[PDB]
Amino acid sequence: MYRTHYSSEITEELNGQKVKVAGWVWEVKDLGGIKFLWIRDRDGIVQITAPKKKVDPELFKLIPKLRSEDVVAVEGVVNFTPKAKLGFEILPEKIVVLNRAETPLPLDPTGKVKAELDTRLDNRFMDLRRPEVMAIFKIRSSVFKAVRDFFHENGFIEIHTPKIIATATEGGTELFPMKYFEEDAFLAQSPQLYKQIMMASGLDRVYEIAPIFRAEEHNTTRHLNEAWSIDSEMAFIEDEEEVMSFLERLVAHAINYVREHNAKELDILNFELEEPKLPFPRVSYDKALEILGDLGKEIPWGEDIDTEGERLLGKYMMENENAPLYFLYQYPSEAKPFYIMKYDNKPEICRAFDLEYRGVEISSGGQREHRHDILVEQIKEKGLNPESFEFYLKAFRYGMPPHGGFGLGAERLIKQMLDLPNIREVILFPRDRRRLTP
């Protein structure tokens, strides 16, 4: 390997030892009798210091020839010194140019000249050379790990369900159709039917983290046509609050991992990520509509709360409860899918919920209707043909436990966690109405 240590891995114990560092030329300063070369790697910059009397002359004359973003590797001696910005410098013995950069760069890695989002996405490899962008994707990786670790510690088994499918769906919208040899198929929008089917398997506690595909017809700052969904389903529950409790602890775990493990990245983003305060507040749909009504926002009882309503409620919950995260629940049954269980005692409302983070939905879930005949009737109530869901209904006939679950958008989670304005900031290569490349 051309390096032994990243910038962040050199500590005082290495003082006076030889190391190899490598990265991209950040800055060269030829100051006469001394020259400086700064190299950027994933973790930051490292100072290479070349005093004329202390380095090989060919090294001395090479440094000024180095150009911005050239890829280089340096072998030299670690010298901890107060004179060094970051505590230590490397006195070079060997400098190798691995690969030379072309010279109008697509983006300015110093951030001085700022670029449009479009230009940045078109040139993502350059965009990540900026610490604030790298910080987001380090945090994305952290969130994924924290989520999986939490599932594992709680006895969940990872599953993988198909993305090329030919099943019916409730909405029949936003589908990406595709030919599958002789047959017609579509890309999956959610593993919903599959994870429910597996509740009849004994697996009991499953999760899947995998792409979902929805052909949204218009762009928003909150939607992508390709996204990563964190899906779970869990059996033998008594009510939807057990799913909500799990979900909030999961999200709090992800938040706390980022706070503990990515403080450097948070600092780079000039961002203070709040300590989660559990039980998040629960706000019934009835109460949410009342709050919205008093704000002059109309939503007729029975209809889903729209994007404006979420925004207003998010603001209200922050102002009144200092709560960045809260649940909407006890929705009208008519506003939620046929697979959600109704309150047997008050069937006009159902056991579904949405988790809101800074005024944007990050997850929806609920307890499902596991009783076959009631489920069938609910499909009918939606004006749909139960026969079209046969392959799924079949799993409810041979011993199906009560169950519930959620779908948690990874991009939504990260965008909202970091209070970023656009979801395109938290996925490397966005797909939207007009973006298909890179």
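Note that residue numbering follows the sequence shown and begins at 1.
- Across the two stretches, 221-229 and 278-286, the PDB entry reports the greater mean Cα temperature factor for 278-286.
- Stretch comparison (243-251 versus 103-111) by mean CA B-factor in the PDB entry places 103-111 on top.
- When the C-alpha B-factors of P211, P337, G359, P92 are ranked from the entry, the top spot goes to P92.
- Highest C-alpha temperature factor among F156, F353, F236, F80 per the entry: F80.
- When the modelled residues of the chain are ordered by C-alpha B-factor, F391 sits in the highest third.
- Ranked against the other modelled residues of its chain, the C-alpha B-factor of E411 as given in the entry falls in the lowest third.
- The entry lists a Cα temperature factor for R435 that places it in the middle third of the chain's modelled residues.
- The entry lists a Cα temperature factor for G76 that places it in the highest third of the chain's modelled residues.
- Remark: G44 belongs to the highest third of its chain, ranked by C-alpha B-factor as recorded.
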